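Notes to accompany the following structure.
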Amino acid sequence: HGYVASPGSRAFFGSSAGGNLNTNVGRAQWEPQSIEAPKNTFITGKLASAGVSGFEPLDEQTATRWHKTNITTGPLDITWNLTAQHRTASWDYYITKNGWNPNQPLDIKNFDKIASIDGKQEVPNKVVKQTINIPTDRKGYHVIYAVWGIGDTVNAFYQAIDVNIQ
Ligand SMILES: [Cu+2]
């Protein structure tokens with residue numbers, strides 16, 4: 001169990017720790033760490049919630065619905081907080097392509113992978129800091145999809161992150 005705290009994930013921003021910068025986020029208000037589903041679950045319109053019961057409000061998609069963190073292209077520091085550390089297989093990061101439609105349901109086919117870090121089947125610390133590169137053809141509102149793949153189960157934790165790139 002864990003979430004991306006920086007840049008704040010869509011779920012994290014729903015919690016008091018995230019400043020309640022997103023409203024009406026269902027279970028994300030209290031447990032943004034709990035978005036757990038089998039690996040390779042990428043159902044169109046159900047990426048933000050990973051299809052998980054109680055997280056449905058996260059799946060709404062418009063250009064103005066969610067709070068964005070202002071970022072630049074190039075290096076971006078990602079910080080996860082884990083409320084329950086687990087042996088880890090992988091960390092994968094995707095971002096929406098230039099030209100994607102922010103008023104349409106999220107579809108993984110409209111993202112590129114942009115980083116992949118091997119967990120080496122070890123147990124990470126409760127704060128995990130990684131650096132990924134944001135490609136320079138991205139400007140404006142984009143969604144980063146951060147995926148923590150568990151080493152000793154068939155599951156992953158899924159974190160949609162709303163960013164405004166300038
Ligand atoms: Cu857990």
Side-chain angles (χ1 to χ4, degrees), residues 1-14 21-22 24-28 32-80 86 88-119 128 130-151 153-166:
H1 290 59
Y3 49 83
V4 177
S6 177
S9 76
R10 185 182 296 176
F12 177 70
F13 282 152
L21 295 181
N22 289 331
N24 293 272
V25 292
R27 288 173 61 194
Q33 64 263 38
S34 301
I35 308 184
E36 181 181 359
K39 287 179 183 66
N40 300 135
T41 303
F42 297 108
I43 300 177
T44 293
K46 309 253 182 286
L47 301 191
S49 75
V52 178
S53 72
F55 286 102
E56 305 84 354
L58 294 176
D59 292 317
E60 182 170 10
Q61 190 54 59
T62 77
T64 63
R65 178 61 178 98
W66 307 115
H67 184 87
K68 291 93 177 165
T69 301
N70 293 151
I71 69 168
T72 57
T73 57
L76 174 66
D77 286 346
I78 307 292
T79 303
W80 286 80
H86 303 303
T88 297
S90 56
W91 309 85
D92 294 300
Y93 297 85
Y94 307 80
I95 194 173
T96 45
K97 296 169 190 179
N98 182 51
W100 80 291
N101 187 333
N103 263 34
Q104 289 298 312
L106 299 175
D107 183 341
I108 200 67
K109 288 179 179 65
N110 297 332
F111 290 70
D112 293 323
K113 192 176 217 189
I114 57 164
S116 186
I117 301 162
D118 193 341
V128 178
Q130 297 170 343
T131 302
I132 69 174
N133 281 313
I134 302 306
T136 54
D137 59 348
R138 269 60 169 205
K139 191 171 172 301
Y141 177 31
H142 285 275
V143 175
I144 301 169
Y145 204 46
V147 184
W148 172 31
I150 305 309
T153 73
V154 298
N155 293 348
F157 292 80
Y158 294 87
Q159 293 279 289
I161 304 162
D162 299 290
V163 297
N164 177 232
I165 304 169
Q166 307 296 333

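Numbers for residues simply follow the sequence, beginning at 1.
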Side-chain ([X]) to main-chain ([Y]) donor-acceptor, under 3.5 angstrom:
{"X": "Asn101", "Y": "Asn103", "result": "yes"}
{"X": "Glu56", "Y": "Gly54", "result": "yes"}
{"X": "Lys68", "Y": "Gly140", "result": "no"}
{"X": "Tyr145", "Y": "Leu47", "result": "yes"}
{"X": "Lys113", "Y": "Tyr94", "result": "no"}
{"X": "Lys39", "Y": "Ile150", "result": "yes"}

Exercise. For the rings on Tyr141 and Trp100, is their centre-to-centre separation under 6.0 Å?
Worked result: yes
Minimum heavy-atom distance between [X] and [Y], given as atom pair plus value:
{"X": "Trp80", "Y": "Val147", "value": "CZ2-N, 4.2 Å"}
{"X": "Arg65", "Y": "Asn24", "value": "NH2-O, 3.4 Å"}
{"X": "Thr41", "Y": "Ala50", "value": "CG2-O, 4.2 Å"}
{"X": "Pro57", "Y": "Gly26", "value": "CG-N, 3.9 Å"}
{"X": "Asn98", "Y": "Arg138", "value": "N-NE, 3.9 Å"}
{"X": "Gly8", "Y": "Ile161", "value": "O-CG2, 3.7 Å"}

Rounded to the nearest 0.5 Å, how far does [atom2] of [Y] lie from [atom1] of [X]?
{"X": "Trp91", "Y": "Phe157", "atom1": "CH2", "atom2": "CZ", "result": "10.0 Å"}
{"X": "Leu76", "Y": "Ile114", "atom1": "CG", "atom2": "CD1", "result": "8.0 Å"}
{"X": "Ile134", "Y": "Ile71", "atom1": "CD1", "atom2": "CD1", "result": "4.5 Å"}
{"X": "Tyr158", "Y": "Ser9", "atom1": "OH", "atom2": "OG", "result": "15.0 Å"}
{"X": "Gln159", "Y": "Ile144", "atom1": "CD", "atom2": "CD1", "result": "12.0 Å"}
{"X": "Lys139", "Y": "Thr73", "atom1": "NZ", "atom2": "OG1", "result": "10.5 Å"}

Problem set entry | Criterion side-chain hydrogen bond (donor to acceptor under 3.5 Å, both in side chains) on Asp77 and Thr131, from CA distance to verdict | CA-CA 4 Å; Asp77 286 346; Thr131 302; 2.7 Å; yes
Exercise. Can you list the steps and then say if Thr96 with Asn110 is a side-chain hydrogen bond (donor to acceptor under 3.5 Å, both in side chains)?
Worked result: CA-CA 6 Å; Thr96 45; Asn110 297 332; over 6 Å; no
For this session: Before giving the answer on side-chain contact (heavy atoms from CB on, under 4.5 Å), spell out for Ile165 and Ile95 the whole-Å C-alpha distance, their side-chain angles and the decisive distance to 0.1 Å.
Result: CA-CA 12 Å; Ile165 304 169; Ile95 194 173; 4.1 Å; yes
Exercise. Is there side-chain contact between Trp66 and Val25, with heavy atoms separated by less than 4.5 Å?
Worked result: yes
Exercise. Are the side chains of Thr79 and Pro7 in touch, meaning some heavy atoms are under 4.5 Å apart?
Worked result: no
For this session: Could you note down all residue pairs passing side-chain hydrogen bond (donor to acceptor under 3.5 Å, both in side chains) where residues 45-55 supplies at least one of them, sequence neighbours left out?
Result: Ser49-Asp59
For this session: Enumerate the residue pairs fulfilling salt bridge (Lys or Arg N to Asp or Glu O under 4.0 Å) with a member in residues 157-166, sequence neighbours excluded, ordered by first and then second residue.
Result: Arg10-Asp162
Exercise. Mind checking whether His86 and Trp148 have parallel, tilted or perpendicular rings, split at 30° and 60°?
Worked result: parallel
